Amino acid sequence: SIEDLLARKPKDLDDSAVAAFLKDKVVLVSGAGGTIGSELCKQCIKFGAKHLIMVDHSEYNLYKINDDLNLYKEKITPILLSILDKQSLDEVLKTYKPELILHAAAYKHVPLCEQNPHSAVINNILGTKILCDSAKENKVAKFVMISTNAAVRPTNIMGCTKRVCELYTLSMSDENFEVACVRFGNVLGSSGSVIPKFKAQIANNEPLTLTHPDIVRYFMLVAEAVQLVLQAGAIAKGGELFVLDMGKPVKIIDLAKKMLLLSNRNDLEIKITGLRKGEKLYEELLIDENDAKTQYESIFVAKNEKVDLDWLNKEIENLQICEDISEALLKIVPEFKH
């Protein structure tokens, strides 16, 4: 398998630490039925959580993860809900009183967020604000925000919104409501990503569409990223912006060729179709030489400064009505180059 070949296989997976962190917890996962959310769900059950509240706005995604976990049906509750519905979300948190929220709900596609920036802002930033505020109000002990390497020096709407969500959640962190964010890169075979695209092109005898001959990405398996996110949540004391190490980058052309080789399909061409708007060619330096080490060699802590929430709330209000979203996002993230 191509997944197998590019797997990170990190040597510092710690089952026992995740078990101790999750034992008998009521846990709520937003985006429960997504690529990452579904794997969080599965690992929460595997590592002994008492009760899993699965929140997703996509009815098929929710149905599917509920169905996948049907052997544990007594321990899970499928909540069909947008996190933008504050009043319903508050009712959910007061009812179940989760001690941990794993926030994986977001819009993540670079091109679609470029084309729909307002919805990106609303779903990502406002949805994060609503979920985060509700968690703090409802005395959730720990809140882990799934973030992305795309939030570093963002060149696109999606990335920028995720950076704003880091700023917001980390600024809400305190002794009673401990927030951690976890940045990582491309999850192998995730929803709507390049591996399923190539797989489908091959199966339909189409040429593979490669954006640029020199483009590279960092990859890991969903089970690896999720477990490390959970180990990061487990060691968090509140306020940490974590980042995962992912090994060496992989050329997408090499990925394309390996896929072709694995299906004995060297009858097919690889066609250059050009960079998509917002897209980086090399991403960013993963780990700064001065990020703090943790006890896990795959997990580092990056520097982050709280921001004045009053100011941030004003900017977020403006984001929901303003005419130029890109320019507005810049006033919040001055490193944003769109």
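Don't overthink the numbering: it's just position in the shown sequence, from 1.
Residue range whose averaged C-alpha B-factor is higher in the record, 30-38 or 290-298: Per the deposited B-factors, the answer is 290-298.
Entry-level comparison of average CA B-factors, 313-321 and 21-29, reporting the higher stretch: Comparing 313-321 with 21-29, the higher average CA B-factor belongs to 313-321.
Top residue by Cα temperature factor, when 142, 103, 183, 94 are compared in the entry: So the option with the highest C-alpha B-factor is 94.
Out of 246, 132, 259, 152, highest CA B-factor residue: The record points to 259.
Chain thirds of CA B-factor: placement of residue 116: It falls in the middle third of the chain.
Where the record places residue 203 (Cα B-factor, split into thirds across the chain): Highest third - that is where residue 203 ends up once the chain's C-alpha B-factors are sorted.
Residue 128 - Cα temperature factor, lowest/middle/highest third of chain: Lowest third.
Chain-relative CA temperature factor third for residue 197: Middle third.
Residue 88 - which third its CA temperature factor falls in, relative to the rest of the chain: For residue 88, whose C-alpha B-factor we compare with every modelled residue in the chain, the answer is the middle third.
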